Structure formats: structure tokens, C-alpha cells
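Data block below; observations after.
Counting neighbours? That spans all protein chains shown, and the Cβs are built from the backbone with ideal geometry, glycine included. What follows is calculated from the coordinates using simple rules that are stated; it is not laboratory data.
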């Protein structure tokens, strides 16, 4: 932490650039980062660990692919996620540009299976297209119930950002069955306030609403 | 009073549209003193019905709030109880017992008037403030008698007593019948106090003018001492024409409020050149920059101008001048001032070769869709479907909608797609639904030329879900506009579904 | 004046005053001292006001274009402002929640009101 934390100083920055010219020293460097990942979560410390992992030895770069997928990419700081993604796409490019004998004997097949199962099992592969596309090409180098199913698809979820359109999808439910399709197992309680507001907008203008009664 | 221009088959739609406009004006401009929470639908006016009754909703009192008041501000401001309410609440026309407390106060202040100058000033100010609660004509008689006795006894070189005394004497005279023995000293008092140097003496005298001019059918000799006030209003609108930030704020505001009242309810007593000069000076007042004329002065003068427009009194040339000034202030850049001027152009296009004029002003509203902050565009997208549906026949509005939805100089076609949906389902009369199908075919022949691909497929998907069958395809349209960009295999599936559903719709 | 307009809910006037403050601080700071404090307060609050009301590119002046190109001042709050611009452009609400929890001590009460309004009108 003190090595990365002082990286703007010329002796320790020249030291870090001297680490990148040795294979086993950079491998021990990335093992040292993997050992102490939990205390590197503040924005300045992660920004310095991304400035120190930008250019390393071109073999060991395959290993930093793993550290760009498993640990650092799940941070909620979006520029840190973006910069991990830029560096990881750069590593997969510089891995594809090298020899296949040096890359296939480095990056395992079952470990790449673990990486892509972590990408597909989480939502991170839907976020960033280039990383999953480059990993896949590295693999390749070697109407009523339908509307009910639609509102099941876009209301029964963890959380959304579209709350107005969600309440408008709840609006033209056939209104004889609202509590069957609102009082359910996992219904969003953040969609439940725009249901109240739009039901009040329907009551205060004209004929009464079933949205406001149900909500 | 509640207007004559409403309660018609035409006026109700105008009340709806201006209810939307003024509703999000009071979301943007207003001062939440009534309101504690953060919600959008919080507009609330404490005007009761009138032996009191229930509370009147805000959508029913559209332009009843006086121009003396800041938008949604709640404080005592010398115009709380109108003498309409004095004459018809308590039936006098020429659960706490408040009446006994008011009688005991009149006894106390009549004995203290008849003591240092400070107590006399605060007692007359007290008497004017407590004067909203008097429920008997004898109380106003005793009020006016004690105040004329104070005017006779106390000397004249005390202007603080004057600025707390003049509205009290004028209101005590205004509740009573405005007879000659009452009208001569009150008008002499007002003509004397309008020449003073103390500025809230002018403010209190002008509120007293508003109480005198309010409801009493007034004497023919006493209405000839009106044009002193009219000369005062001409001079102090010509003086405060250019600069408003320098002089004052509440003086100009109450002064324009009584000027608009004199235009509205007493037309014939003053010449038409006076109302023309007020419309000219207020057109100058609206045309100031964002630092010259403040927001409260702007909105109050503007609300008074459309108050005069909804009255059936003004001539057509001054109405056309207000149309031109309203357009040239629609073209201002601040969002709430543009919204208020949009309310002006709504009320201008409602109290009345004209088809080309409608083309021009609807193009003005679309240019205010293009440039403009998104709350303003929310308001215009809420207005514009029933607007175009009920003005002029659908071929020209359909050419405008097709020609200005697909522009690359459109910042976002989101709200415009909601407009397209509401316009299509307000154009689903059957013989017009055939015309709808013809416009969809012509627009598709325009759609065959390419936009960027994800944007093009999304706009086509919104257009097919927009103009479609009744039961369940239209309800998808919020979800269709939930994702604006971001092409997907789900997007291709739903686009194919609605396109094949329209292939059998013909 | 800008604090008074953020009290009275005139946000576009606050944009105009904040850009005027930054321009008069760049003409007279080339910073020195409290001109840099003026610049820090403006460079935070204009970004919060450009995220609150999101202007179309017609009324988006090139100074707004330069600073929205700069983000899309100390390193912590600069990093969190870049992350919050990237989160509101992507509309990712849980990230904005975890940013309001961690930008609350770093901002003054006017910036906390503006960041509350940005987090409100995107959900």
C-alpha cells in the first residue's frame, strides 16, 4: 500500500517501472495486490493501483486479465470500472497480438470458463461489450397473457429506473385482477409510489381508478 | 369576479390547458409557503366558498387571485378580505366568539384614541389589521367616526400615522355607502396623500384607492376625481418603463394591479389612450432582460394582461398588440418566463388568413420543443396533442408531425413520440382512421430512407405501436419508449411483432 | 446571488451566474488564492446543475460543452464527480445511491441540496 501510495515520486516510480521489466517480480507484485485487495477500495488508492498496473511485463499481462475481472471491476465508481475495462481490453488485444503458444499455455481453459461464468452469471457482461467480445473471439481463435408476461418481465424485478413507464404498464392491466398482479411475492415497492400518483391524476380529472384503490 | 369567458363549450378545454400550464408554473415559479413536502401536485389556494363553507379547489379559481400577490406566497398583504366578502358574508349591503373580542377591541381603541404618538400609530395599524374580522355595519360606522376624529384632532405632520391610517379610513368608508359627506373627505384625503414623500404612504393610499374603487356604485362627482389617480399612473408607468430594478418592487406591483383593475371594471371613466398606454408600458415591462425586471413583477403584470384579455372589454387592436408582444416574449430563453408567455399565447389564441397565423404560432411551439429545457418540453408535449386535435383539420398537423419528428436537429424524439401516440388515437374516427392508414403508408415511404440504424428501428417501432389496433398493442408504448436507444434482439422481436400485426391491420 | 437563486428555485439563473463567476475568476485569477476557491465551488456546482436540468445542445453553451467533455479540485471529489456523471449518463441508480452516501461529507449544504435533486429527478 505504501509502495503504490507514493507512486508520484520519482524514485518509487522508477522502482515500479523497474518491476515491470522482470517477470517473477511482477508476478509477485500482482500476488501482493491480490493478497491486500480489501483495503484498496477508496477512489485515490484504486486510481493509483490502476496507474501502477497499466503497463507490466507482456507475459504476466494475462494474469492481470484475471485481476481485472474478479476484483476491481465490481466497484461502484464508474470511472474506475471504465478504466479497468480500458486496461483489460488493452490486455486482451496485446494477448491476441502475441504468439498462441505463449498465450494458450498461460491462460487456462477452465479458468477462462470461470471468468466467463462470472461475467454471464453477473450483469457485468451486459454492461461492457468489448471485453466479452474479445474474450469470445479469443475462444474462437482456438395478446392478453402475452401482455401479462410482459408486465411480469418488467415489474417483477429487483429494481428499476423507469418508474413512470412501469406504472403506465401497470395501468392497463384488466383491473379486475390487480391484487393478483400487485400483491405478489416480489413486486417492486418503488413502482408503487408512481402508481399512487398516476391514480390520483386519474381520479382528480374524471372517472375513478383501480390503480389508486389497489395501491 | 369569476369570468364570463369560461363555462362555455369552448372555454372548458381552455381551462384544462391553462390548468396544466399554470400548474407547472406553480411547480417552477411559486413560493411553497402553503406546502411543506416536495410533491408536484401541491397547488392550493385558501379561498373559501361563501355561515362559511368548504374550500375551493385550485383548478376552479383559475385567475381569481389578485395581481398584488406573489405567486403562491402566503402573508397578509392588505387585500385579504374583499368587500364583496364583507357585503355578502355578513349580509350588509348599502368556534370562537370573534365578535365579542372585536367589540371589546373597538371599545379599547376608541377610548385610547379619544397617549403617545407611538401607541396611536400602532393602534390605528392594529385597527386596520383586525378590521378583517368585523361582522357588523355599526362596527365600521364606529371605525370611520373614530378615524375622522383622529384626523381632526391629531396634527398633519405625522406621515407614519398617515400610512397606517389611510387604508383604514378608505375601507371603513368602502364598507359603508359612499355618500357625499363621506366621499368628499376620503377623496380629499387620497388626493392629499398621493403627493407625499413617504413611499408606503403612497402604497397605503393606493390600496385605499383599490378599496374605494372596489364594489360601490360610485358618485358621478366623485368619479371625476378618479383621473388624478390616472395621471399618477401615467407618470409612474412612464418613469418606471425602462428600469424596474432601481426604483422599487411592491409599489410598481400594487400600482399595476390597480391599473389593471381600472382597465377591467371601470372602462368608460377613463379614456382609451390610458389603457393603450398601460398595454404599451407593460409590453415594455415584459421586454426587459432577466436582470432588469424581476420574476414577480413579470408574472404579475403578465397575469394581469391575460386577465384583461379574458375579459370581454378590450378592443381588438389592443388584443392584437398583446398577441404580438406575447409572441416576441415567447421567444425569450428562460424556461418559466417562456412558460408564462406560452400562457399568454394560449389565452391570445382563445379569445378570438388566420390559418397561416396558426401555422406560424404552432411552428413557434415546435421551435420551443427543439430548443428548451426538458420541463418546458414536458409541458408542451402535454399540451400539444389535444391542441392540434381541436384547432384545425388533421392534414396540416399531420404534415407538421411527420416533418418534425424525424429531424436530426431534434434533441430527443421521446416526448414527440408521446405526442404522436396521443394524436393518432385522437384521430381514430373510422373515416379518419382510413386517412390515418394513408398517412402511415406515405410516412413509411418516407421511412424507407435510412436514419442511424438503431435510432431508425426504434422510431419505426414507436410509429407502429403508435398507430395500431385497439386492445393490447398500444399499452406496450411506454415500454417501447422505456428504452430509447440500445438495439437488442428483444427490440427486433417486438418490432417484427408489431410490424406483422400492422401488416394484417390493412 | 447564486446561493439566493438556489434557494428560490431559479436554477437556470444559477447556471448563468455560475458561468459568469467562472469567467470573471479566469480573467482575474491567472489560480491566485480565493479565486481558486471560487473556481472549485463553480466547477462543482455547474456540474450538479448540468445534471439536474439536462440541456439540449441548442441551449448548451460551449463552456458547458468544455466542462462536460472534461468530466465525461481534489482527487477524491473529482473522481466521484466523474463517476456520478458516468452514472447519470448510464442511469444506474444503485451507484448514485452509493455515491450520495460517500459524497455527503465532501460537499457543502448547497451542493448537498443539488446532489439530492440530481439523485431525485433520475429515479
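Let's see how each residue does on (1) surrounded by 14 or more Cβ atoms within 10 Å (Cβ to Cβ); (2) farther than 29 Å from residue B:370 by Cβ:
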position	(1), (2)
C:28	no, yes
C:50	yes, no
C:66	no, no
C:69	no, no
C:85	yes, no
C:95	yes, yes
C:100	yes, yes
request  = Please give the number of the condition residue A:138 fails out of (1) within 30 Å of residue A:100 (Cα to Cα); (2) within 14 Å of chain B (Cβ to nearest Cβ); (3) surrounded by 12 or more Cβ atoms within 10 Å (Cβ to Cβ).
outcome  = (2)
remark   = Within region B:363-378, residues part of a helix (DSSP H, G or I) and within 14 Å of chain C (Cβ to nearest Cβ) come out as B:366, B:367, B:368, B:369, B:370, B:374, B:375, B:376, B:377, B:378
ask   = Does residue B:472 count as within 12 Å of chain A (Cβ to nearest Cβ) and more than 30 Å from residue C:58 (Cα to Cα)?
value = yes
task = Scan C:99, C:84, C:73 and give me the residue that is under 25 Å from residue A:81 (Cβ atoms), under 14 Å from the mean Cα position of the chain (by Cα) and part of a helix (DSSP H, G or I).
result = C:84
message = Which of the helices (runs of 4 or more DSSP H) found entirely inside region A:8-60 contain at least 3 residues meeting this: within 14 Å of chain C (Cβ to nearest Cβ)?
response = A:43-52
task = Considering each of A:179, A:184, A:188 in turn, give the residue that is surrounded by 18 or more Cβ atoms within 10 Å (Cβ to Cβ), more than 21 Å from the chain's Cα centre (by Cα), more than 11 Å from chain B (Cβ to nearest Cβ) and more than 30 Å from residue B:44 (Cβ to Cβ).
result = A:188
inquiry  = Suppose the filter is touching a helix residue (DSSP H, G or I) at 6+ places or on another chain (Cβ under 9 Å), under 23 Å from residue B:411 (Cβ atoms), away from chain C (no Cβ under 14 Å) and assigned to a helix (DSSP H, G or I); does residue B:360 pass it?
reply    = yes
query = Within region B:437-456, is even one residue within 22 Å of residue B:387 (Cβ to Cβ), buried (at least 17 other Cβ atoms within 10 Å of the Cβ) and within 38 Å of the chain's Cα centre (by Cα)?
reply = no
query = Which of the residues that make up region B:236-263 are surrounded by fewer than 17 Cβ atoms within 10 Å (Cβ to Cβ) and part of a helix (DSSP H, G or I)?
reply = B:238, B:250, B:251
task = Taking only region C:82-98 into account, find how many residues are touching a helix residue (DSSP H, G or I) at 6+ places or on another chain (Cβ under 6 Å) and more than 7 Å from chain A (Cβ to nearest Cβ).
result = 4
message = Residue under question is residue B:484, and the condition is that it be under 42 Å from the mean Cα position of the chain (by Cα), surrounded by fewer than 18 Cβ atoms within 10 Å (Cβ to Cβ) and closer than 22 Å to residue B:370 by Cβ; does it hold?
response = yes
request  = Can you give me the number of residues within region B:137-152 that are exposed (fewer than 14 other Cβ atoms within 10 Å of the Cβ) and under 21 Å from residue B:96 (Cβ atoms)?
outcome  = 1
Residues (out of contact with any helix residue (DSSP H, G or I) (no Cβ under 6 Å at 6 or more places or on another chain) and over 21 Å from residue B:329 (Cα atoms)) located in region B:265-287 = B:265, B:266, B:267, B:268, B:271, B:272, B:273
